[PDB]
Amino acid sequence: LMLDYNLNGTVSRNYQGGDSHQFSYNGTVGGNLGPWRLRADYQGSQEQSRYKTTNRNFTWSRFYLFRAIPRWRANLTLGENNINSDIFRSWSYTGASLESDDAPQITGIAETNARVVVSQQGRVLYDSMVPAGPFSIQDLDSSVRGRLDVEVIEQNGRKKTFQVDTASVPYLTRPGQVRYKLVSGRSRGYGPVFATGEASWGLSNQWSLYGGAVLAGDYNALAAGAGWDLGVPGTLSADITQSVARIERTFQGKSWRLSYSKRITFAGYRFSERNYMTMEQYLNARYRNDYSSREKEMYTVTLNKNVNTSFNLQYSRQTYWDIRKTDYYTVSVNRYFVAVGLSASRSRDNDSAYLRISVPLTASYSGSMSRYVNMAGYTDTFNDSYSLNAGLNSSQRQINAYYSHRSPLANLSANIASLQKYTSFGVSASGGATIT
């Protein structure tokens, strides 16, 4: 038995006389039964205000085994999970899946030492402190396909919020071989039975081609595409896919999609038809009576480009049939003569511009739009690091001190924050540990 714990807590007070305590936490509690790999996800967060309210929940988000099959070349994972697929959009479920054997970045800015949470469906994928300023987040693993729910939760009260869409890399294969998943169970937490599956043949000198299909009683979907490795100029794929959903009306429509991988630079385009429905969408319809957020024209790029500068750009637009256009765009330009970073982003619609600058010895000044904000400060570093800052928010002075420790199996951080005329204290812990 081990455990991969993540723990945040925070405490805010307020001139006008208010209190807030926060405390979240998630993780995995594992054990290894012989050849079997046994894993149980748990999450949940609880908070209290004072003017007097309190939110509070808890769960075991997933609970599933998985076993590597040496000699057959695929892993069996059986129990509660959420389907990842190289063609289809995800959804929750309890089933068994058999699949072949074989990493998204999340950017933005932070008014303050907010705490950042990343997820999809309701599943928490990252949830901890980040030092006010521009940010980037890699503690997400490899398996994450599709789009992500993001929320910045500022020490001051403004929660900000946005949406990211990972780079779905082309479904290609090496000439000789072939890749595939075969999943089948009953959709989890609302179920009805179903069985899905997708493969991809190396017909690849540089061209492979792939297809698959969803099968779920009333609902069935079908898709098929090819993909072409160009070598150095990048990668490219495209596929069509069709919905069919009867609810004892039956909705119909199809979607196309472009993939521009390169290994980085990815770009993607999806277009879906009026009544086209990704199995997730048809569940949120057929069981929650939600036919909203009709997906129409999506467009995403991811770009990190290094020459004596750094050029990370992450754009994503989703135009809807029924709801108004969605715009999220966040760019960061970093020059490394000393080092300078200028940064944009747009989380009702929001806009942050942030310019930071920094001198070794490390010390630094900054600037931040929102409510404009100017600060300077110093940061030591030692193994672990710890930085201090003074400045002015608008009139009200601002003070902020941040500590981080980055051991290999036990991280931890701590921030103290105070504006004149709120003040918060913060702590994030994470790492491995044994119970037995």
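A residue's number is simply how far along the shown sequence it sits, counting from 1.
Asks: According to the entry, how many residues of the deposited sequence fall between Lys421 and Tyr422 and are not modelled? Options: none, 1 to 3, 4 to 9, 10 or more.
Replies: The entry leaves 1 to 3 residues without coordinates here.
Asks: Can you count, per the entry, how many deposited residues between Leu361 and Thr362 come without coordinates? Answer none, 1 to 3, 4 to 9, or 10 or more.
Replies: The entry has a short gap there, with 1 to 3 residues left out between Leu361 and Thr362.
Asks: So, looking at the entry's B-factor column for Cα atoms, which has the higher mean, 249-257 or 123-131?
Replies: Per the deposited B-factors, the answer is 249-257.
Asks: Please work out which residue in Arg71, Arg115, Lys159, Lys181 has the highest C-alpha B-factor recorded for this crystal structure.
Replies: Going by the entry's C-alpha B-factors, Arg71 comes out highest.
Asks: Between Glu198, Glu151, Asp218, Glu80, which one tops the list for C-alpha B-factor in the PDB entry?
Replies: Spelled out: the listed residue with the top C-alpha B-factor is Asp218.
Asks: Would the CA B-factor of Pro408 place it in the lowest, middle or highest third of its chain?
Replies: Highest third of the chain for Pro408's C-alpha B-factor.
Asks: With respect to C-alpha B-factor, does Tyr287 fall in the lowest, middle or highest third of the chain as deposited?
Replies: As the PDB entry reports it, the C-alpha B-factor of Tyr287 lands in the middle third of its chain.
Asks: Quick check for you: using the entry's CA B-factors within this chain, is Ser395 in the lowest, middle or highest third?
Replies: Its C-alpha B-factor, which the entry lists for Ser395, ranks in the highest third among residues of this chain.
Asks: When the deposited Cα B-factors of this chain's modelled residues are ordered and cut into thirds, is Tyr51 in the lowest, the middle or the highest one?
Replies: Top third by C-alpha B-factor.
Asks: Is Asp101 in the lowest, middle or highest third of its chain when residues are ranked by C-alpha B-factor?
Replies: Ranked within chain, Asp101 CA B lands in the middle tercile.
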